[PDB]
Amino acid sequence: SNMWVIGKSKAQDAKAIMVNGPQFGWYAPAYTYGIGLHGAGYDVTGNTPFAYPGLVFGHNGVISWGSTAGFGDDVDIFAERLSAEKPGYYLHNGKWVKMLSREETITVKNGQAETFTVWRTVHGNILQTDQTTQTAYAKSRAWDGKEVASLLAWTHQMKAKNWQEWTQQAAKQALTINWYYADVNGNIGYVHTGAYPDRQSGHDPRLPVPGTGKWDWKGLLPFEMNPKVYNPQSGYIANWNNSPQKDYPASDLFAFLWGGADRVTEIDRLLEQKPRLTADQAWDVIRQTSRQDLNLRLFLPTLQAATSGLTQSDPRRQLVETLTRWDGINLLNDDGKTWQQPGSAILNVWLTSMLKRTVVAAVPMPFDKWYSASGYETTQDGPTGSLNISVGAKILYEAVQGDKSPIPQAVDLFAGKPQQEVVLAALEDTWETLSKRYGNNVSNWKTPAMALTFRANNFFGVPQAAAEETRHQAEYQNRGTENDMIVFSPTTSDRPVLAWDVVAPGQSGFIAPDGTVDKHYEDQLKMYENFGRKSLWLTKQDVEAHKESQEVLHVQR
């Protein structure tokens, strides 16, 4: 998920512009739901995942908001000490304490039901147990007990009319979520919201802690410690699930890193290109970042250095010249199937080879496979979510930076060989692999483009529609499932706020018993593919002027 918030000092013909692209994967019917609420203190418009009571994406005519997943480390595992003499108990603060437990029965269509037990300790639900070591692992969440409060925080924030009112609700949202603010006066802000534990001294948050009591969290850190900024001197706020702030630690997931190589830099490059950005320019960042190969910038310099003394006829050199002439923006040919340039395939084969020769070889099996992915791994349905720089590539980037990297290279990933030799060998592999598939004339290579699919199964892999309701788009675009933009105090309108979004395939998922799809079942599909957008109305007069239908209900609680 990406977001760029452009404040007063960076906006052209407006005081502030907010552009959000939450990346949740692509589904039919739509992941998010468009909704306007007016009355009982609310006056809001936007869209939100699974129609939560709180709109994650929207505005209220005074302020606007959005989010990106935070990925802070708000989860730790406690290793509970068990005893075969006392089943169902664990040692905590010097006593054997009873676990909580509950029975659950799974009822099964055309099958036999199954019952199992869920166990829970003071540290959380038990994930797994090792009878061999008499250890049970419990998952502790900093937000445990604040789930409902988090839902309400996302609802009450919609009534905020300024930064202090909004941050009062941001402090109540306990999940690890980046929240963003913009307003009519051109103020912008960000808060890496959530509950984070205050860990004991010596606790390495990447690895399990004993559950016997000494390693218990002291409590939760105060709101003052959450990363936040209001009207930053840069004039903008950009995020693509990258680090919130200097020295802030990421999720403990082994495949997730905040390092020198980060896809958010593609947004910064576009924001810094021009002194000010108009709303149309800010929207156009979606199309550019959507099509941007993320590895070209990271590895082109290394490739250029490795091939700099090669003769013109050396194929290792000709692959790199091809990359040098490219800005990394992919575009479809007219067949709607292949990319105009072959650079992503060149980088994918090269990077795969590189990782196998370097990070993969340094890591013992079977953990080595966590580092072998190039970042280009798909499905013939296309990527299930955003594309990113792989973990292995982020680690390789640090190695190729030499002493520019702040990470000690405890193991030389090049194993005593000159980096150039390994880069070149990987280039030799790349030429062999691609030239065998496509021949030796690089200029006619028509490499496959990724496609995009609006899946009929939800993210859990559970049907949310019939399989024929799956929708297909030729161009994969590394962008939000939805995109929304809010423009504050435009100089081109007297309205204090203008806002747009796109919710594809459409607002409705309704299909009548006879197969007749709703009139709003697929009317935003083309608009999504072409980077179009629809107006989000807020005022009674705007809503009335664009009214298709209305119902009036009379209800008593």
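The first residue of the sequence shown is number 1, and the count goes up from there. Superpose the two forms; the largest set of C-alphas matching within 1.5 Å is the rigid core.
Two stretches, 493-501 and 515-523, are weighed by how far their CA atoms sit from the shown form in 4 other deposited structures of this protein after rigid core superposition; the farther one is 493-501. Stretch comparison, 426-434 versus 79-87: after rigid core superposition, larger RMS CA deviation in 4 other deposited structures of this protein is found for 79-87. Between 18-26 and 530-538, the higher mean Cα B-factor belongs to 530-538. For the segment pair 95-103 and 228-236, the entry gives 95-103 the higher mean B-factor, averaged over Cα atoms. Across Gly506, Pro496, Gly66, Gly70, the entry's maximum B-factor at the CA atom is seen for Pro496. Going by the entry's values, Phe414 shows the largest Cα B-factor out of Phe459, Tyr137, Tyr376, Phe414. For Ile6, the recorded CA temperature factor ranks within the middle third of the chain's modelled residues. Ranked within its chain, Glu522 lands in the middle third, by CA B factor from the PDB record. Remark: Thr132 belongs to the highest third of its chain, ranked by C-alpha B-factor as recorded. When the modelled residues of the chain are ordered by their C-alpha B factor, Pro244 lands in the middle third. Per-chain ranking of the deposited C-alpha B factor places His156 in the lowest third.
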